[PDB]
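Protein chains in written order, with the deposited numbering: chain b, 147 to 194; chain j, 1 to 64.
A short write-up of the structure that comes next.
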């Protein structure tokens, strides 16, 4: 094939394919997050 | 964040009376009623240690 890049798609926090998903509470802090956040939002251009 | 210290209505100090409070409702099998053993006859302020949220253990773990 060719595996070529085609623009970029903004991910939604706490998803099946997010950077967190299966992360334990004790490890959410290390990352400066909050065990209460329930995702739902996008952080495009720096703002929710 | 941490007990208020000095109840809202009276002056009765409550900064002292928590390091000892929590060591009963989860460490002596006494009731919410146990605070009565801390000189809390008034409403009053005694709804101070009771209606409180320990928001610092869960805030302190953000180390710079």
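Even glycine gets a Cβ: it sits at the ideal position worked out from N, Cα and C.
For residue 163/b against residue 157/b, the beta-carbon gap comes to about 7 Å, under 8 Å, which counts as contact. Residue 21/j counts as buried, since at least 16 other C-beta atoms from the protein chains shown sit within 10 angstroms of its C-beta. Counted as a single uninterrupted DSSP element, the stretch harbouring residue 62/j is not any alpha helix (DSSP H), since DSSP gives it neither H nor E. In the displayed model, residue 174/b falls within a helix according to three-state DSSP. If you draw a 10 Å sphere on the C-beta of residue 154/b, you find fewer than 16 other C-beta atoms in it, and that means exposed.
Rounded to the nearest angstrom, the Cβ distance from residue 5/j to residue 13/j is 7 Å, consistent with a contact under 8 Å. Residue state for residue 39/j is assigned as coil, using DSSP reduced to three classes. Contact note: residue 178/b reaches chain j through 62, using a C-beta cutoff of 8 Å and chain order.
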